[PDB]
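Colleague: Could you have a look at this structure, given as structure tokens, before my questions?
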Amino acid sequence: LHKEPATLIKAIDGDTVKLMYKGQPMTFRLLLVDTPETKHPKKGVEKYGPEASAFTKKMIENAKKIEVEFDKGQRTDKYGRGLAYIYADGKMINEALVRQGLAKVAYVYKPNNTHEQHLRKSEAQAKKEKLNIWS
């Protein structure tokens, strides 16, 4: 896997951000994490949704460098979103959300599971520490 540079356009939710990639505007879905969402009337503004969403926003908004890392399987989902690991100044936003108890480790589909063990480890910590979603 290699990282590639990208530029923020707009954060949309805990798990979704709009980036400029290879010169094209693209919506990205964070690989392997499910956050509470502020989207879906089939739901609404679930609990810790506003929190997960401000976490992703701040982190991506305040960064020097954003990088996207595609996994080894399909790179877009059925809605046309890029599927990736997103890094803000070297820190993976997907792991940070899970480390802070603001995301669950999603249902994993091979072969898009390269960082799955890593994230599960952080998730177990977040649970142990009873943070947010786990409290």
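Numbering starts fresh at 1 for the residues of each chain in the structure tokens, the chains themselves are lettered A, B, ... in the order given, and ligands are numbered from 1 as they appear.
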Near residue 87 (chain A), within 12 Å and counting only C-alpha atoms, which residues show up once chain neighbours fewer than 5 positions away are dropped, as a ChimeraX atom specification?
Modeller: /A:2-8,30-31,56,59-61,63-70,92-97
Colleague: List the spatial neighbours of region 23-29 of chain A as a PyMOL selection string - criterion: any atom at most 9 Å away, only C-alpha atoms, same-chain residues fewer than 3 positions off excluded.
Modeller: chain A and resi 6+9+12+15-20+76-77+80-86
Colleague: Let me see the file: selected residues, N, CA, C and O atoms, as a PDB file, in the first residue's frame.
Modeller:
```pdb
ATOM      1  N   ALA A   6      -3.633  14.414  -0.957  1.00  0.00           N
ATOM      2  CA  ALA A   6      -4.974  14.856  -1.283  1.00  0.00           C
ATOM      3  C   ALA A   6      -5.181  16.205  -0.598  1.00  0.00           C
ATOM      4  O   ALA A   6      -4.365  16.576   0.250  1.00  0.00           O
ATOM      5  N   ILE A   9     -11.701  19.137   0.737  1.00  0.00           N
ATOM      6  CA  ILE A   9     -12.697  20.048   0.197  1.00  0.00           C
ATOM      7  C   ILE A   9     -13.667  20.346   1.336  1.00  0.00           C
ATOM      8  O   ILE A   9     -13.867  21.485   1.741  1.00  0.00           O
ATOM      9  N   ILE A  12     -17.815  15.745   5.756  1.00  0.00           N
ATOM     10  CA  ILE A  12     -19.264  15.601   5.632  1.00  0.00           C
ATOM     11  C   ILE A  12     -19.914  14.913   6.819  1.00  0.00           C
ATOM     12  O   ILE A  12     -21.097  15.102   7.090  1.00  0.00           O
ATOM     13  N   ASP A  15     -17.538   9.526   9.137  1.00  0.00           N
ATOM     14  CA  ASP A  15     -17.014   8.479   8.268  1.00  0.00           C
ATOM     15  C   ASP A  15     -16.871   8.911   6.813  1.00  0.00           C
ATOM     16  O   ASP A  15     -16.351   8.208   5.942  1.00  0.00           O
ATOM     17  N   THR A  16     -17.309  10.126   6.503  1.00  0.00           N
ATOM     18  CA  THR A  16     -17.205  10.592   5.128  1.00  0.00           C
ATOM     19  C   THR A  16     -16.613  11.980   4.987  1.00  0.00           C
ATOM     20  O   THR A  16     -16.938  12.955   5.665  1.00  0.00           O
ATOM     21  N   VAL A  17     -15.678  12.111   4.049  1.00  0.00           N
ATOM     22  CA  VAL A  17     -15.071  13.402   3.747  1.00  0.00           C
ATOM     23  C   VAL A  17     -14.940  13.561   2.230  1.00  0.00           C
ATOM     24  O   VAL A  17     -14.753  12.570   1.512  1.00  0.00           O
ATOM     25  N   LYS A  18     -15.042  14.797   1.760  1.00  0.00           N
ATOM     26  CA  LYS A  18     -14.844  15.149   0.364  1.00  0.00           C
ATOM     27  C   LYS A  18     -13.439  15.713   0.181  1.00  0.00           C
ATOM     28  O   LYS A  18     -13.106  16.685   0.862  1.00  0.00           O
ATOM     29  N   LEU A  19     -12.659  15.112  -0.702  1.00  0.00           N
ATOM     30  CA  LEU A  19     -11.277  15.473  -0.966  1.00  0.00           C
ATOM     31  C   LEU A  19     -11.069  15.704  -2.465  1.00  0.00           C
ATOM     32  O   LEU A  19     -11.815  15.185  -3.299  1.00  0.00           O
ATOM     33  N   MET A  20     -10.038  16.478  -2.762  1.00  0.00           N
ATOM     34  CA  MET A  20      -9.541  16.649  -4.118  1.00  0.00           C
ATOM     35  C   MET A  20      -8.441  15.625  -4.360  1.00  0.00           C
ATOM     36  O   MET A  20      -7.370  15.713  -3.763  1.00  0.00           O
ATOM     37  N   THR A  76     -13.534   1.666  -4.792  1.00  0.00           N
ATOM     38  CA  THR A  76     -14.729   2.511  -4.644  1.00  0.00           C
ATOM     39  C   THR A  76     -15.891   1.637  -4.191  1.00  0.00           C
ATOM     40  O   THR A  76     -15.857   0.428  -4.450  1.00  0.00           O
ATOM     41  N   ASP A  77     -16.891   2.203  -3.523  1.00  0.00           N
ATOM     42  CA  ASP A  77     -18.047   1.385  -3.147  1.00  0.00           C
ATOM     43  C   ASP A  77     -19.184   1.574  -4.149  1.00  0.00           C
ATOM     44  O   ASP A  77     -19.058   2.289  -5.150  1.00  0.00           O
ATOM     45  N   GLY A  80     -19.973   4.997  -5.284  1.00  0.00           N
ATOM     46  CA  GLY A  80     -18.984   5.833  -5.961  1.00  0.00           C
ATOM     47  C   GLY A  80     -18.009   6.488  -5.003  1.00  0.00           C
ATOM     48  O   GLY A  80     -17.164   7.314  -5.356  1.00  0.00           O
ATOM     49  N   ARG A  81     -18.083   6.134  -3.723  1.00  0.00           N
ATOM     50  CA  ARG A  81     -17.109   6.689  -2.777  1.00  0.00           C
ATOM     51  C   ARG A  81     -15.785   5.951  -2.792  1.00  0.00           C
ATOM     52  O   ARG A  81     -15.748   4.718  -2.778  1.00  0.00           O
ATOM     53  N   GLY A  82     -14.672   6.677  -2.795  1.00  0.00           N
ATOM     54  CA  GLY A  82     -13.376   6.036  -2.603  1.00  0.00           C
ATOM     55  C   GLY A  82     -13.289   5.347  -1.257  1.00  0.00           C
ATOM     56  O   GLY A  82     -13.799   5.832  -0.237  1.00  0.00           O
ATOM     57  N   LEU A  83     -12.651   4.180  -1.206  1.00  0.00           N
ATOM     58  CA  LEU A  83     -12.548   3.466   0.059  1.00  0.00           C
ATOM     59  C   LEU A  83     -11.089   3.451   0.501  1.00  0.00           C
ATOM     60  O   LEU A  83     -10.294   2.820  -0.190  1.00  0.00           O
ATOM     61  N   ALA A  84     -10.816   4.133   1.611  1.00  0.00           N
ATOM     62  CA  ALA A  84      -9.428   4.336   1.998  1.00  0.00           C
ATOM     63  C   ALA A  84      -9.213   4.610   3.483  1.00  0.00           C
ATOM     64  O   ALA A  84     -10.117   4.851   4.273  1.00  0.00           O
ATOM     65  N   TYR A  85      -7.929   4.548   3.794  1.00  0.00           N
ATOM     66  CA  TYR A  85      -7.385   4.908   5.102  1.00  0.00           C
ATOM     67  C   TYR A  85      -6.970   6.359   4.974  1.00  0.00           C
ATOM     68  O   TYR A  85      -6.221   6.690   4.056  1.00  0.00           O
ATOM     69  N   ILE A  86      -7.482   7.252   5.811  1.00  0.00           N
ATOM     70  CA  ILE A  86      -7.092   8.654   5.581  1.00  0.00           C
ATOM     71  C   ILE A  86      -6.137   9.108   6.689  1.00  0.00           C
ATOM     72  O   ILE A  86      -6.453   8.850   7.851  1.00  0.00           O
TER      73      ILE A  86
END
```
Colleague: Given only C-alpha atoms as the basis, pick out the residue of A:33, A:54, A:1, A:11 nearest to residue 108 (chain A).
Modeller: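 Counting only C-alpha atoms, the residue closest to residue 108 (chain A) is A:33.
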Colleague: Give the helix (DSSP H, G or I) residues of region 42-122 of chain A, as assigned by DSSP on the backbone, as a list in words.
Modeller: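 Put together, the selection reads residues 49, 50, 51, 52, 53, 54, 55, 56, 57, 58, 59, 60, 61, 93, 94, 95, 96, 97, 98, 99, 116, 117, 118, 119, 120, 121 and 122 of chain A.
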Colleague: Please provide the set of residues having any atom within 12 Å of region 127-134 of chain A, restricted to only C-alpha atoms, with same-chain residues fewer than 5 positions apart removed, written as an mmCIF file with C-alpha atoms, in the first residue's frame.
Modeller:
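The result, written out as result.cif:
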```cif
data_model
loop_
_atom_site.group_PDB
_atom_site.id
_atom_site.type_symbol
_atom_site.label_atom_id
_atom_site.label_comp_id
_atom_site.auth_asym_id
_atom_site.auth_seq_id
_atom_site.Cartn_x
_atom_site.Cartn_y
_atom_site.Cartn_z
ATOM 1 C CA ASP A 34 -18.633 2.633 11.443
ATOM 2 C CA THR A 35 -19.244 5.893 13.292
ATOM 3 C CA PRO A 36 -22.549 7.089 14.682
ATOM 4 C CA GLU A 46 -27.493 9.268 16.534
ATOM 5 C CA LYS A 47 -25.667 9.392 19.863
ATOM 6 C CA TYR A 48 -22.017 10.477 19.508
ATOM 7 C CA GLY A 49 -22.773 11.333 15.883
ATOM 8 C CA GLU A 51 -19.042 14.080 18.353
ATOM 9 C CA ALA A 52 -17.609 11.664 15.782
ATOM 10 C CA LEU A 97 -11.757 7.514 15.792
ATOM 11 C CA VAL A 98 -11.658 3.929 17.076
ATOM 12 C CA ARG A 99 -9.002 4.700 19.691
ATOM 13 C CA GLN A 100 -11.291 7.487 21.099
ATOM 14 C CA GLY A 101 -14.353 5.263 21.294
ATOM 15 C CA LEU A 102 -16.099 7.245 18.557
ATOM 16 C CA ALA A 103 -16.208 4.439 15.930
ATOM 17 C CA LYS A 104 -16.770 0.661 15.872
ATOM 18 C CA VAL A 105 -14.603 -1.634 13.696
ATOM 19 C CA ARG A 120 -9.264 -4.086 16.444
ATOM 20 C CA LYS A 121 -6.437 -3.585 18.951
ATOM 21 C CA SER A 122 -7.304 0.064 19.319
#
```
Colleague: Go through chain A and collect every residue that DSSP, computed from the backbone, puts in strand (DSSP E); the answer should be as a ChimeraX atom specification.
Modeller: /A:3-11,16-21,24-30,33-34,66-70,82-88,91-92,104-105
Colleague: Tell me, as a JSON list (two decimals) with N, CA, C and O atoms, in the first residue's frame, which residues lie within 10 Å of residue 110 (chain A), counting only C-alpha atoms; anything in the same chain fewer than 5 positions away does not count.
Modeller:
```json
[["chain", "number", "residue", "atom", "x", "y", "z"],
["A", 71, "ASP", "N", -6.71, 0.36, 0.03],
["A", 71, "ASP", "CA", -6.37, -1.00, 0.47],
["A", 71, "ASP", "C", -6.13, -1.88, -0.75],
["A", 71, "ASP", "O", -6.04, -1.35, -1.86],
["A", 72, "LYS", "N", -6.01, -3.20, -0.64],
["A", 72, "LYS", "CA", -5.64, -3.98, -1.82],
["A", 72, "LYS", "C", -6.83, -4.53, -2.60],
["A", 72, "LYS", "O", -6.66, -5.26, -3.58],
["A", 73, "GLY", "N", -8.06, -4.21, -2.22],
["A", 73, "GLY", "CA", -9.22, -4.68, -2.96],
["A", 73, "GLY", "C", -9.84, -3.57, -3.78],
["A", 73, "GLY", "O", -9.15, -2.67, -4.25],
["A", 74, "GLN", "N", -11.16, -3.60, -3.95],
["A", 74, "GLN", "CA", -11.81, -2.53, -4.70],
["A", 74, "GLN", "C", -11.63, -1.17, -4.03],
["A", 74, "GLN", "O", -11.60, -1.02, -2.80]]
```
Colleague: CA of residue 22 (chain A) and CA of residue 107 (chain A) are how many Å apart?
Modeller: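 For CA of residue 22 (chain A) relative to CA of residue 107 (chain A), the distance reads 28.5 Å.
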Colleague: Interatomic distance between CA of residue 14 (chain A) and CA of residue 39 (chain A)?
Modeller: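 These two atoms are separated by 9.8 Å.
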Colleague: Provide the CA of residue 91 (chain A) to CA of residue 135 (chain A) distance in Å, to one decimal place.
Modeller: 24.6 Å
